[PDB]
Structure formats: C-alpha cells, structure tokens
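# Chains, contacts and geometry: an overview
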Amino acid sequence: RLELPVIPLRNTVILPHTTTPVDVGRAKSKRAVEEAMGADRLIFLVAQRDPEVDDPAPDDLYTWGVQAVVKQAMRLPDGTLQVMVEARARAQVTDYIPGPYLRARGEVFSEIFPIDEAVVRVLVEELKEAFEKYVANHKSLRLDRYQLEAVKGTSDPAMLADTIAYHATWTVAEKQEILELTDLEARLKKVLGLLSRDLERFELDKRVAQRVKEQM
Amino acid sequence: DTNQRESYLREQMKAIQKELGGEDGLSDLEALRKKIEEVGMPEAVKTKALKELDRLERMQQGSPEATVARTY
C-alpha cells in the first residue's frame, strides 16, 4: 500500500500506459502536486466528480485511484500546472480518512503487458480502423483527427488500444468498470461496442428525424 | 414563437409516438385487419366495419377522422 496525495483529473481516468495532458489550476493543489513530485514522483490521479474542484471532500471523489509517475520536472504555464505525466501502475481504494489531505491507500505495481501479437494485433487494428471511421463518424459531436498523431505514432498494440480509447469521450462509471478489466481484450471489445453503439444511436437519431420529416 | 414552438413540439410528440412509439393507435392496427372478418355476416355491422376499414387508414395520433374511425 502506497500513501500518496490526491491530484485530480477532470473526468477522464487514465488508461494503463497513458501519457496525458494535465490541467491542474488550483492554488490548494499546487502544494499537493509539488509534494507528489517531491515524493520521488509517485502520484495518484483519482478522478473527481466536479470539473475542477477547489478542495477535496470525503464524499466527492470517484471510486478509482491509480498510480502514476511524472515525466518532466517543470510545468508548462497555461493557467494550469500543465506537466507531462505517465501511467506508472494501478491502485485501489479501501477507506477514507478525511483531512486535508485525504489519505489514500495504494497497491502493488500493475499495468498491461502484451502476451500475444497476432489475434491481439488483428483486434487492435479492427478497433483502430473502427476508430478512424468513428472519428469520421463523431463529427456530429465534433471529434478532431489530431488524435491520429498519437494513435498512429505509437506501434505497440497494448498502448495503441489505450491511445484509441482515451482519445474519445464517454461516461466516467464506464471507465471505472472498464479499468477493472486488466486483460486488454475485454477492454478492446468494450470500446468497439461503445463505438458501434454510437453508430447505432446516430442511426436512431436519424430515424426519429425521418419520422419528424414525414410528420411534417 | 410560443405558438409555433408548441405546434412543432407536439409534432415531435406525434413523431416519437410514431417511430419509436409502439403504444399508439398503431398498437391495435394489426388487431383491426385481424378482426375485420369476425364482424358479423348481417349487413348492419358488416357495412359499418367495411366503411371504417378505409376511414381508419390515416394516422392514428394526429389525423382527426382517423382516430374516431380507429376507436370505432
């Protein structure tokens, strides 16, 4: 168990082996994130219910805590503490002792590692082409294709899959229930089913719009 | 704008009662053509069944005469 300070990200729980942008712009969080980098760069990124809350509360955090490590020692000035991070391991929650700081329990080192490269690579590439056609399909809610810098620059399917999945947006509780899936294949089929269901909800919106048209 | 947004809003009410709306006058629509033959062979009830057969065929949520023919 590792006892580390809590630094929040908005609504996106970091997937295993993810190097994500950071938007921490709270004066009450700069000391905690500097002590997190002062603790040999071991940091928890527990998801928050609010977009960017000022102070933690005993009943205002999401159910997943997770180990992370910080890639750089400096912060990009953009109004927040834009620092480059990395997914070190995974963690869990047992019980809250309220503070501040709210002391959080920890776990042993846990990530995803590739064990197969034929069926895994075919499923990752199927989710990759479905992600390309989904970026072409999520233009109804305006998803850009600057994500192709990251989902194509990488080559390892274990991080290709999580780079495909983190570049989209869905509910937070689904992320809490998809990072319970340590094996990557169930994560692949859950993300591909999410993309297919987004296509189906696009078709359902078009069907009810067609009924509105013939009701006219 | 209040009047015409009310009109288009109940028009989307009709449309969601029609595409994804299974509980409407379309619910009994199959029972109608299923039971036109169980109307009696005397002319009194047979004639009125056949005259409601075509008067019913319009939309059962928005069209006025189609709802009375639908229920009848």
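Presented here is a report on the structure given in the accompanying data block. (Residues numbered from 1 in each chain as written, not as in the entry; some residues may be left out. Chains lettered and ligands numbered in written order. Part of a larger assembly, values for the part shown. Heavy atoms only, no water.)

## Some thoughts on the overall build of chain B
In terms of helices and strands, chain B carries 4 helices and 0 strands. Along chain B, helices and strands appear, N-terminal first, in the series α-α-α-α. In summary, chain B has a C-alpha radius of gyration of 15 Å against a globular reference of 11 Å for 72 residues, an excess of more than 25%. Going through the 72 residues of chain B one by one, you find that 22% of them count as buried. The contacts of chain B with a sequence gap of at least 6 include a subset with a gap of at least 24, amounting to 39%. Working note: accessible area of chain B is about 5100 Å², and carbon and sulfur atoms make up 56% of it. (Helix = DSSP H or I, 4+ residues; strand = E, 2+ residues; numbered from the N terminus. Rg over C-alpha atoms; globule rule 2.2 N^0.38 Å. Buried < 20%, exposed > 50% of the residue type's maximum accessible area, 1.4 Å probe, protein only. Contact = heavy atoms within 4.5 Å. Areas by Shrake-Rupley, 256 points an atom, 1.4 Å probe, with all protein chains shown as cover.)

## Re a negative patch on the surface
On the surface, a cluster of negative charge is contributed by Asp50, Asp54, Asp55, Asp59 and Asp60 of chain A. By relative accessible area, which is 38% here, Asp54 of chain A ends up partly exposed. (Patch = residues over 30% accessible without salt bridge, like charges linked within 9 Å, V, L, I, M, F, W, Y side chains within 5 Å. Salt bridge = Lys/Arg side-chain N within 4 Å of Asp/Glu carboxyl O. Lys, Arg positive; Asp, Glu negative; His and termini not counted. Charge placed at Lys NZ, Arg CZ, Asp CG, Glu CD.)

## Focus on helix α6 (residues 184-215) of chain A
For α6 of chain A, with 32 residues, the first-to-last C-alpha span of 46 Å sits near the 46 Å given by 1.5 Å per residue. All of the buried residues in α6 of chain A are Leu184, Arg187, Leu188, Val191, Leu194, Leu195, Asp198, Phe202, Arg211, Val212 and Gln215 of chain A. On the buried face of α6 of chain A, the contacting elements are α2 (119-135), α4 (157-166) and α5 (172-178) of chain A together with α1 (2-16) of chain B. Two or three places before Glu185 of chain A, at the opening of α6 of chain A, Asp183 of chain A has a side-chain oxygen 3.2 Å from that residue's backbone nitrogen. (Expected span 1.5 Å × (residues − 1). Polar contact = N/O pair within 3.5 Å; in protein donor to acceptor, adjacent residues only side chain to side chain.)

## What about the environment of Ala69 of chain B?
Residue and element names in this part refer to chain B. Following the sequence through the fold, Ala69 ends up in helix α4 (residues 64-71). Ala69 sits in the buried class, given a relative accessible area of 1%. The spacing of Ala69 and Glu52 is 17 residues in sequence and 5.6 Å in space, taken between C-alpha atoms. Setting aside its immediate chain neighbours within four residues, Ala69 contacts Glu52, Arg55 and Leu56.

## Topic: a positive patch on the surface
There is a patch of like positive charges on the surface, built from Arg26, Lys28, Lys30 and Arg31 of chain A. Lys30 of chain A sits in the partly exposed class, given a relative accessible area of 40%.

## Some thoughts on the interface of chain A and chain B
Buried accessible area, meaning the area lost when the parts come together, often serves as the stated size of an interface. Listed as interface residues are 8 residues of chain A and, on the opposing side, 10 residues of chain B. The junction of chain A with chain B conceals about 780 Å² of combined surface from both sides, 70% of it contributed by carbon and sulfur atoms. Linking chain A with chain B are 1 residue pair in polar contact. A breakdown of the residues in the side of chain A that touches chain B according to their chemical character gives 4 nonpolar, 1 polar and 3 charged. (Buried area = accessible area lost by both parts, 1.4 Å probe. Nonpolar A, V, L, I, M, F, W, Y, C, P; charged D, E, K, R; others polar.)

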